[PDB]
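Below: one structure, written as structure tokens.
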There are 2 protein chains.
Amino acid sequence: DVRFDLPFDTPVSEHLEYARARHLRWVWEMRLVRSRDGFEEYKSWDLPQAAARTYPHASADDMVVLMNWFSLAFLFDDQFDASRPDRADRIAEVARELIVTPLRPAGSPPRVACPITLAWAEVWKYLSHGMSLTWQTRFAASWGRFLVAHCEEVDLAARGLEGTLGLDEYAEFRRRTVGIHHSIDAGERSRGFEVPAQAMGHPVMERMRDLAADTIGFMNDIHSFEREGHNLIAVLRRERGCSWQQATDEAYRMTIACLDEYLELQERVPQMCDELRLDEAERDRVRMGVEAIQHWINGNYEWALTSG
Amino acid sequence: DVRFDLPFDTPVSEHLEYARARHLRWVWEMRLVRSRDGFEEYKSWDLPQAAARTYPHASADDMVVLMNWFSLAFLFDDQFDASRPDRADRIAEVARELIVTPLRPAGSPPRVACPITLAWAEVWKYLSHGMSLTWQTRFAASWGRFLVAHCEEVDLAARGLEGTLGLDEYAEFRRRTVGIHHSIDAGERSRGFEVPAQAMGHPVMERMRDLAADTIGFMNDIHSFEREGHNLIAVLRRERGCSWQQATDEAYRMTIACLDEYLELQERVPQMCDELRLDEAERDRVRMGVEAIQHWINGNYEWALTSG
Ligand SMILES: [Cl-]
Ligand SMILES: [Cl-]
Ligand SMILES: [Cl-]
Ligand SMILES: [Cl-]
Ligand SMILES: [Cl-]
Ligand SMILES: [Cl-]
Ligand SMILES: [Cl-]
Ligand SMILES: [Cl-]
């Protein structure tokens with residue numbers, strides 16, 4: 001069992017039990033689960049815990065909105081009859097409704113009405129509340145890129161094409177499908193700040209987000225693999241024709257290499273702020289931005305340890 | 001006939017005839033027009049001229065890409081059999097493919113393949129070329145908001161609901177449907193600069209884009225009206241129960257009031273740059289940003305004068 005020793009110490013929200021309880025009633029009220037068995041399957045994933053570790057500064061009511069959101073993505077596949085002929089077309093259709101919801105005024109009804117799209121129209125109204133147009137645009141494209149990539153994964157599987165990606169293509173693709181850019185963006189909503197726009201578009205920060213997404217997608221592949229061809233481990237083994245264990249070792253080395261480059265860019269943040277000429281309150285907002293990334297890398301890891 | 005005397009003097013591209021000729025062959029090569037009559041109808045709109053007045057600094061090859069893009073939006077309705085039962089559903093479907101194209105790597109094939117989506121997948125690869133992730137995100141959300149709003153207009157008509165918007169809702173809606181935010185964004189691609197991100201998200205610039213969009217949507221309604229219920233003039237008349245001429249006068253007064261507020265914010269740009277602490281090359285990029293807005297307001301007007 002691959003363990004990582006990460007150099008972060010990261011808070012956990014005090015609102016876990018308060019918000020879990022509301023969140024669990026909400027999944028029923030919004031008809032995202034339909035049977036007792038489906039519900040208990042959903043509960044076993046312990047998504048509330050992930051939300052509490054990744055958004056640790058949220059107010060209690062916002063922790064509820066965050067858990068609700070968290071559930072949308074993970075329940076998304078499970079909204080559709082798995083044996084129907086055109087499953088992959090219905091998924092694309094629903095995903096695209098989720099993509100346009102942040103591109104229309106908050107409170108507008110979705111065109112494709114199903115439990116997930118109605119749930120998301122609700123959540124987006126809260127998640128966007130109080131946030132600038134700059135943040136909403138950034139979120140909207142991050143979320144959109146994620147969902148497009150999710151549709152590509154779904155089509156890859158429906159077409160009989162899992163196992164065809166080589167290492168470099170797989171790594172590029174996994175950066176997209178892991179959905180961490182929009183996850184980081186929401187840190188600003190959860191804690192009530194916005195990162196200065198000239199810092200968000202600086203090469204250091206853009207690269208940091210990409211490495212955070214690599215690191216997390218690769219840890220998640222290592223973790224899913226250890227409990228079972230579209231998986232970093234499998235891909236490495238096909239690519240190198242090595243043992244299952246040499247492929248594990250190499251996945252581990254790739255992950256630590258992403259992490260270490262992430263840590264090097266972290267130490268460069270003060271120089272970035274100097275080159276941008278940021279004042280002290282801007283610097284402070286940057287620092288909080290970097291912490292949202294740490295919450296994701298560390299919190300995701302610590303949640304994965306306790307199963308799901 | 002309402003005339004406006006605008007306080008802008010605005011260049012026109014020298015590449016009009018060079019690019020028109022390539023652009024006209026392209027609309028056939030991409031199968032956007034299908035008959036000689038459809039083509040001559042397309043030619044009468046003189047979209048090349050609009051592109052030459054709105055993107056006057058484009059290189060010659062980029063002027064071609066801009067005209068090609070211009071054509072996509074205007075040909076879009078005309079790609080679909082107008083009498084089929086579910087026209088409005090097919091439009092939404094195609095619009096959403098156009099929305100996700102900028103949310104996936106350049107050169108990827110569209111999932112819904114038809115002449116317009118293939119054409120756009122091509123155009124986006126050139127339009128995004130050399131542009132930062134910040135610009136592509138901004139463009140992508142602007143274009144997306146436009147297309148969503150276009151689908152809302154299409155559904156409004158298919159449902160028998162034209163003529164139901166009151167004045168305030170109509171004004172809000174027309175800001176969305178006129179599609180000027182993404183039009184302004186492309187000025188940076190055409191001329192080869194990017195506006196500093198902290199200026200783009202400043203309240204002055206965000207408001208300037210909104211007023212430019214009002215001004216242009218209202219001029220375009222005045223101009224379409226004078227050559228014929230979803231029209232500023234008609235809406236004002238329903239709202240005020242006034243004469244067709246008093247409704248025209250009032251549309252004219254609303255437009256001049258948007259314009260004058262636009263002109264007041266224009267004079268505030270140097271103070272904005274001071275409050276942001278921009279250096280001189282950043283100031284210069286801002287100034288070019290403002291010129292892209294002027295090119296749109298002035299160029300659209302001067303193009304409208306010569307019919308279509
Ligand atoms: Cl947080
Ligand atoms: Cl998520
Ligand atoms: Cl392979
Ligand atoms: Cl802030
Ligand atoms: Cl230009
Ligand atoms: Cl356009
Ligand atoms: Cl009315
Ligand atoms: Cl520039």
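Residue numbers begin at 1 in each chain, while the letters A, B, ... track the order of the sequences.
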Strictly distance-based, threshold 3.5 Å: is any side-chain N or O of [X] a donor or acceptor partner for the main-chain N or O of [Y]?
{"X": "B/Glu194", "Y": "B/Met131", "result": "no"}
{"X": "B/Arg207", "Y": "B/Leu265", "result": "no"}
{"X": "B/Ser190", "Y": "B/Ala186", "result": "no"}
{"X": "B/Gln79", "Y": "B/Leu32", "result": "yes"}
{"X": "B/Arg189", "Y": "B/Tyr126", "result": "yes"}
{"X": "B/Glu97", "Y": "B/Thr117", "result": "no"}
{"X": "B/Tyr55", "Y": "B/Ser183", "result": "yes"}
{"X": "A/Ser108", "Y": "A/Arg104", "result": "no"}
{"X": "B/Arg268", "Y": "B/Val204", "result": "no"}
{"X": "B/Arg20", "Y": "B/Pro48", "result": "no"}

If you count heavy atoms of other groups shown closer than 6.0 angstrom to [atom1] of [X], is the number above 12?
{"X": "B/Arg159", "atom1": "CZ", "answer": "no"}
{"X": "B/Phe173", "atom1": "CZ", "answer": "yes"}
{"X": "B/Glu40", "atom1": "CD", "answer": "yes"}
{"X": "B/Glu162", "atom1": "CD", "answer": "yes"}
{"X": "B/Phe80", "atom1": "CZ", "answer": "yes"}
{"X": "B/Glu172", "atom1": "CD", "answer": "no"}
{"X": "B/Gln245", "atom1": "CD", "answer": "yes"}
{"X": "B/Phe193", "atom1": "CZ", "answer": "yes"}

Please confirm whether B/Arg237 makes a cation-pi placement over B/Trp244, using NZ or CZ under 6.0 Å from the six-membered ring centre and within 45° of the ring normal. yes
With side chain to side chain contact (heavy atoms under 4.5 Å, CB included) as the test, would you mind laying out the steps for B/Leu24 and B/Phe39 before giving the verdict? CA-CA 9 Å; B/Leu24 299 168; B/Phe39 176 66; 3.8 Å; yes
Hey, does [Y] have a side-chain heavy atom less than 4.5 Å from the side chain of [X]?
{"X": "B/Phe8", "Y": "B/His295", "result": "no"}
{"X": "B/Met272", "Y": "B/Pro203", "result": "no"}
{"X": "B/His202", "Y": "B/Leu276", "result": "yes"}
{"X": "B/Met30", "Y": "B/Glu122", "result": "yes"}
{"X": "B/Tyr42", "Y": "B/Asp78", "result": "no"}
{"X": "A/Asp279", "Y": "A/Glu282", "result": "yes"}
{"X": "B/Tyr252", "Y": "B/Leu232", "result": "no"}

Any side-chain donor paired with an acceptor under 3.5 Å for [X] and [Y]?
{"X": "B/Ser83", "Y": "B/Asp81", "answer": "yes"}
{"X": "B/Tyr170", "Y": "B/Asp221", "answer": "yes"}
{"X": "B/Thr137", "Y": "A/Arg145", "answer": "yes"}

Verify the ring-centre separation between [Y] and [X]: is it less than 6.0 angstrom?
{"X": "B/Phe70", "Y": "B/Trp45", "value": "no"}
{"X": "B/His223", "Y": "B/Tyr301", "value": "no"}
{"X": "B/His181", "Y": "B/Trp296", "value": "no"}

On the 0 to 90° scale, with breaks at 30° and 60°, tag the B/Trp303-B/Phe74 ring pair as parallel, tilted or perpendicular. perpendicular
Would you call the rings of B/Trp143 and B/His182 parallel, tilted or perpendicular, taking 30° and 60° as the class edges?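 Geometry flag for B/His182 against B/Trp143: perpendicular rings.
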Worked check of side chain to side chain contact (heavy atoms under 4.5 Å, CB included) between A/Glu188 and A/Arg138: CA-CA 12 Å; A/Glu188 282 159 280; A/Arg138 167 151 58 76; 2.7 Å; yes
Test log, rule side-chain hydrogen bond (donor to acceptor under 3.5 Å, both in side chains), inputs B/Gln294 and B/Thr10: CA-CA 7 Å; B/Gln294 304 175 345; B/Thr10 246; 5.2 Å; no
As an exercise, state the distance from OG of A/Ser59 to CG of A/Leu66, rounded to the nearest 0.5 Å.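 So the gap between those two atoms works out to 8.5 Å.
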Walk me through it: do A/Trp124 and A/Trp69 pass the test side chain to side chain contact (heavy atoms under 4.5 Å, CB included)? CA-CA 8 Å; A/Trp124 170 251; A/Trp69 183 42; over 6 Å; no
Given B/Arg22, B/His15, B/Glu14, the one that forms side chain to side chain donor-acceptor pair (under 3.5 Å) with B/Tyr18: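 Answer to the side chain to side chain donor-acceptor pair (under 3.5 Å) test with B/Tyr18 among B/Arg22, B/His15, B/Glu14: B/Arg22.
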Between B/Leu263 and B/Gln266, does the side chain to side chain contact (heavy atoms under 4.5 Å, CB included) criterion hold? Intermediate values first, please. CA-CA 5 Å; B/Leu263 297 173; B/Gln266 247 188 20; 3.8 Å; yes
Among B/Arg285, B/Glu291, B/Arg283, side-chain contact (heavy atoms from CB on, under 4.5 Å) partner for B/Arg287: B/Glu291
